Amino acid sequence: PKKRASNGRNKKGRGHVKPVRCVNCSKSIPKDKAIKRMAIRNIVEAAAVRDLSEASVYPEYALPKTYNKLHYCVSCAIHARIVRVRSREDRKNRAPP
Amino acid sequence: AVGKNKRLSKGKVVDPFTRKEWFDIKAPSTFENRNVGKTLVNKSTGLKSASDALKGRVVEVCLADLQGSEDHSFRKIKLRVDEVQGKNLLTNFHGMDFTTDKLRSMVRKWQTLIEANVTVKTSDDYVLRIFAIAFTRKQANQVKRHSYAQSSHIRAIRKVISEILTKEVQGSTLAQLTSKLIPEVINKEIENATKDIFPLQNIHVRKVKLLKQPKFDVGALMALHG
Amino acid sequence: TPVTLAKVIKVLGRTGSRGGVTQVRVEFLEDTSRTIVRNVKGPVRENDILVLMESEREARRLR
Amino acid sequence: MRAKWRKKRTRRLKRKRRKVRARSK
Amino acid sequence: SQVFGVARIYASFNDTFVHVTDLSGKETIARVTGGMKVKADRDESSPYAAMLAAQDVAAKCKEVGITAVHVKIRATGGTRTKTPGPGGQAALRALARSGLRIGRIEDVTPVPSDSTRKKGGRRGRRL
RNA sequence: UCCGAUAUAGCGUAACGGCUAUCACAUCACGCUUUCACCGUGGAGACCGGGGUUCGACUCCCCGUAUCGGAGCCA
RNA sequence: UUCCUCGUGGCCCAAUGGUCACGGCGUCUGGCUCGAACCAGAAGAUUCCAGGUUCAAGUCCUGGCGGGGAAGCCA
RNA sequence: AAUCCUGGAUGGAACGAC
RNA sequence: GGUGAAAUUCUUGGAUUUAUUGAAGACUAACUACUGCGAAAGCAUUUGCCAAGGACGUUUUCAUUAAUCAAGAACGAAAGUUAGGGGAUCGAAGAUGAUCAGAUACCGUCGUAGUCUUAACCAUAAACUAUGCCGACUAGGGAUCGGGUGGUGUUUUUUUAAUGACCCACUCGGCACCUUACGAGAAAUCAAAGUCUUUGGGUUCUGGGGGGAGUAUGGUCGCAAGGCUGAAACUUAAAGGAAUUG
């Protein structure tokens with residue numbers, strides 16, 4: 001039976017959405033069914049920053065960051081301990097935590 | 001990995017750094033600083049004339065390193081070598097560029113991006129492809145969450161920007177244009193010309209590149225380095 | 001063949017599929033203010049002392 | 001068996017019957 | 001006072017490259033990979049191996065005359081992961097601890113404008 | 001007949017006149033894995049044969065055998 | 001008919017004149033787990049037959065049995 | 001009275017029902 | 001290098017890597033969304049040209065011309081076919097390295113056809129909202145896209161103006177959405193799947209237990225692959241749907 005209303009995704013009015021490829025499995029998946037996250041992370045870590053500041057000329061420089069939009073497939077997403085699963089009722093919670 | 005190699009060679013010591021010498025790199029006069037660093041080459045043997053291998057060398061460096069301020073932090077610059085005179089070799093401008101971190105940080109969703117590009121030439125017969133970028137902004141007093149455009153505003157903006165850059169280039173040779181870039185006055189021209197259409201934050205321009213150089217003309221280059 | 005002594009300051013938890021291993025964050029005695037995370041084999045408490053045969057390394061934290 | 005493959009099988013069979021009947025006709 | 005080089009750490013999975021150059025990039029120094037310091041084909045990518053490589057090139061640059069360095073961090077990019085490997089940051093920290101000086105870190109991971117094609121098939125790398 | 005090269009542990013391979021000699025495979029164990037595999041540590045294992053040079057020959061000189069590849073050929 | 005070749009544990013296949021003979025599968029016993037798979041282990045040989053050479057023949061030689069291949073043309 | 005800051009995961013083999 | 005681990009492979013002939021150029025062809029990221037357009041498939045760089053189209057506004061015009069549809073006709077993903085062009089990635093087949101009791105399967109490395117384009121065919125699909133089209137009515141709430149109206153509203157200009165972008169209020173049409181059930185339904189669920197035993201607004205297509213079978217045959221279309229149409233004999237008492245507990 002029908003498990004969801006959007007049926008997996010956010011396609012209402014198109015027919016076609018020009019898919020993408022997963023980063024882990026290289027599987028071809030629509031852009032809307034997919035599961036976009038954004039890994040905006042400081043470059044090195046919260047740890048070695050002290051050594052870097054100590055050893056760096058150009059004090060207070062920036063400690064810049066790394067930005068990338070990651071599309072996972074459903075399979076790899078679950079396997080990676082992400083959106084894992086929810087009960088029949090809290091499926092409908094659309095918001096993040 | 002260490003002992004994996006079955007064979008070093010299909011069919012079947014000397015240090016190279018004693019063979020080398022250091023060279024001081026000088027930037028033009030459109031910069032508060034000139035001494036950018038150093039470089040390495042081998043000795044000018046009888047058949048090499050190391051200047052030739054050193055001539056087309058390009059170096060990428062930070063505008064903040066060149067101007068002192070960290071306001072010009074991203075703004076990478078590419079400098080081509082064009083002339084040598086006794087270990088203090090000169091350079092000339094070859095191109096600008098942003099940093100990917102800055103670009104990606106500017107890029108956010110629920111705002112519309114705009115990009116323009118022109119292929120204009122100079123008064124000194126240089127040929128540049130200049131790239132411009134802009135982003136919508138959410139006015140204060142605004143409640144609705146995304147602040148997009150209507151795709152005609154965008155075309156008008158692109159037309160405006162293109163004609164602006166063509167104007168501000170024609171009249172500027174190369175270093176005139178460099179001194180126009182550095183203080184980011186073009187950005188102010190853009191915002192003044194476009195505020196009547198749409199808000200447009202983050203009007204930093206983008207990388208710029210050369211396509212065609214004119215003839216060498218030693219004098220124009222030496223005009224910069226005193 | 002030098003070493004590096006470090007003092008324990010904070011135990012984090014157990015680790016390893018069989019849980020016979022412990023994560024800890026230490027504080028170097030000499031060159032203090034340096035805090036590195038390591039794995040340990042046997043029983044341990046805070047304020048104990050350990051002997052890094054190499055001080056320049058740390059395991060994947062689990063948190 | 002999966003209906004896709006059942007159908008494929010039937011198609012190949014029909015090819016064979018077509019040609020063996022064309023041997024005569 | 002200082003003299004600068006460029007690091008160009010390429011930290012993929014399956015390996016880690018550290019090879020340091022002059023500001024022009026053409027002239028190189030001390031190219032070393034993680035697999036040159038251990039015998040697995042597995043730990044080629046490991047932080048410890050990258051750390052050892054960084055120690056080695058630190059020694060080489062110091063005996064040459066270099067004191068400062070800029071960092072250009074890179075992953076496989078292209079159609080592939082576009083994220084750095086594990087053995088980048090450890091080596092970074094390692095050459096920092098070795099005695100060198102740092103300036104103007106940056107990532108240059110080659111990102112495309114919707115490139116050709118990513119491999120595996122539309123069904124993916126089943127495993 | 002000539003030039004050059006090759007013969008090394010059960011297989012294959014590397015070597016400087018200041019060593020009965022290294023390596024991965026093979027085997028004997030020790031390990032580690034639920035087990036299988038994978039993986040790791042210690043061992044036992046060999047300089048084609050023969051003379052010569054040398055404070056010292058795997059290694060250098062001579063000869064011989066076998067193999068390769070190219071030149072050659074008036075009984 | 002002639003020539004050439006082969007004959008090895010229940011099957012396939014190997015061997016330097018130098019241990020009543022290498023392997024792989026099969027079989028049997030035990031174990032894990034009910035059976036396969038897997039891990040450990042064992043048993044099984046007059047090397048087709050009859051002669052000879054040799055200190056020593058699975059092999060070296062002759063003869064015999066069987067299998068296989070080639071030739072069996074000119075009119 | 002001094003005082004700049006952060007979160008992060010890989011993975012082998014495992015037939016059947018008397 | 002690639003792997004879970006390895007190997008095939010490339011590697012003193014300099015690989016991998018770094019830098020500078022150059023060529024080719026495909027793609028059009030990040031912006032990119034419970035957003036847009038389109039009859040549907042489907043459509044994303046810029047500029048220019050061509051013609052079209054929906055919505056809104058309208059105290060404009062015609063005057064019932066309309067709705068749905070057998071037959072009939074156009075468009076029709078991908079794969080595929082024919083003939084040229086180009087052929088960089090990826091990659092059915094295939095070749096190989098491993099794993100495995102076996103593995104011509106998953107993994108890895110190569111790799112033709114194809115993937116792109118022009119001319120012509122094919123004419124299907126989970127072509128899915130699995131919900132025919134037209135029309136009316138029936139509960140609330142907000143957000144949003146396009147247009148429109150108003151507001152001494154805010155901001156920007158030349159304090160000022162007109163615009164433009166925001167805010168408030170309202171409205172027409174859209175993609176949709178949250179809550180509720182008065183109702184409906186086998187239930188899941190539904191603002192349409194409601195207004196249907198208190199059974200009838202109009203109209204077209206389709207189904208009558210499961211299998212055999214979308215098979216056979218005959219037609220017709222098609223270069224072919226194949227499509228559309230489409231049985232019976234025989235066989236069986238269960239197949240099946242939604243939900244409950246284990």
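Looking at the PDB entry, one finds chain E named 40S ribosomal protein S14-A and attributed to Saccharomyces cerevisiae. For this structure, the PDB entry title reads "Structure of yeast 80S ribosome stalled on the CGA-CGA inhibitory codon combination".

Looking at the PDB entry, chain B carries the name 40S ribosomal protein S1-A, with the source organism given as Saccharomyces cerevisiae. Looking at the Subcellular location heading of the UniProt record, one finds this comment for chain B: "Cytoplasm". Recorded in UniProt for chain B, the comment headed Sequence similarities runs: "Belongs to the eukaryotic ribosomal protein eS1 family."

Engineer: Explain the packing of helix 4 (residues 153-169) of chain B against helix 6 (residues 185-194) of chain B residue by residue, including any values.
Structural biologist: All names here are of chain B. Helix 6 packs onto helix 4 with a crossing angle of 140 degrees between their chain directions and a minimal axis gap of 11 Å. Here helix 4 is positioned oblique relative to helix 6, judged by the angle of their axes. As helix 4 packs across helix 6, the resulting crossing turns out to be right-handed. Residues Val160, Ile161, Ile164, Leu165 and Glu168 of helix 4 form the contact with helix 6, whose own contacting residues are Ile186, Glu189, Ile190, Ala193 and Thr194. Looking at side-chain class alone, the contact of helix 4 with helix 6 contains 7 nonpolar, 1 polar and 2 charged residues.

Engineer: Can you lay out the interface of chain A and chain E for me, pointing to particular residues and giving the numbers?
Structural biologist: Every contact between the two is made by 22 residues of chain A and, on the other side, 24 residues of chain E. There are 1 salt bridge connecting chain A and chain E. Here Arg93(E) and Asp51(A) are joined by a salt bridge, their closest N and O atoms 3.1 Å apart. There are 14 residue pairs in polar contact connecting chain A and chain E. Broken down by element, the side of chain A that touches chain E gets its largest block of residues, 4 residues, from helix 1 (residues 49-55) of chain A. Partitioned by chemical class, the residues of the side of chain A that touches chain E number 12 nonpolar, 4 polar and 6 charged.

Engineer: Please set out the interface of chain B and chain A residue by residue, giving values where relevant.
Structural biologist: Listed per partner, the contact involves 6 residues of chain B and 6 residues of chain A. Summing both sides of the interface, chain B and chain A together bury roughly 500 Å²; the carbon and sulfur share of this comes to 59%. The tally of links between chain B and chain A comes to 0 salt bridges. When residues of the side of chain B that touches chain A are assigned to their parent elements, the largest contribution, 3 residues, is made by helix 3 (residues 100-106) of chain B. Class assignment for the residues of the side of chain B that touches chain A results in no nonpolar, 1 polar and 5 charged.

Procedures and definitions
- Residues numbered from 1 in each chain as written, not as in the entry; some residues may be left out.
- Chains lettered and ligands numbered in written order.
- Part of a larger assembly, values for the part shown.
- Heavy atoms only, no water.
- Residues with missing side-chain atoms left out of burial classes, pairs and counts.
- UniProt positions renumbered as here; feature names shortened; annotations may be inferred.
- Axes fitted to C-alpha atoms, helices over the stretch in contact; angles between N-to-C directions.
- Helix = DSSP H or I, 4+ residues; strand = E, 2+ residues; numbered from the N terminus.
- Parallel < 35°, antiparallel > 145°, perpendicular 65-115°, else oblique.
- Left-handed = near helix turned anticlockwise from the far one by under 90°.
- Contact = heavy atoms within 4.5 Å.
- Nonpolar A, V, L, I, M, F, W, Y, C, P; charged D, E, K, R; others polar.
- Salt bridge = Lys/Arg side-chain N within 4 Å of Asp/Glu carboxyl O.
- Polar contact = N/O pair within 3.5 Å; in protein donor to acceptor, adjacent residues only side chain to side chain.
- Buried area = accessible area lost by both parts, 1.4 Å probe.

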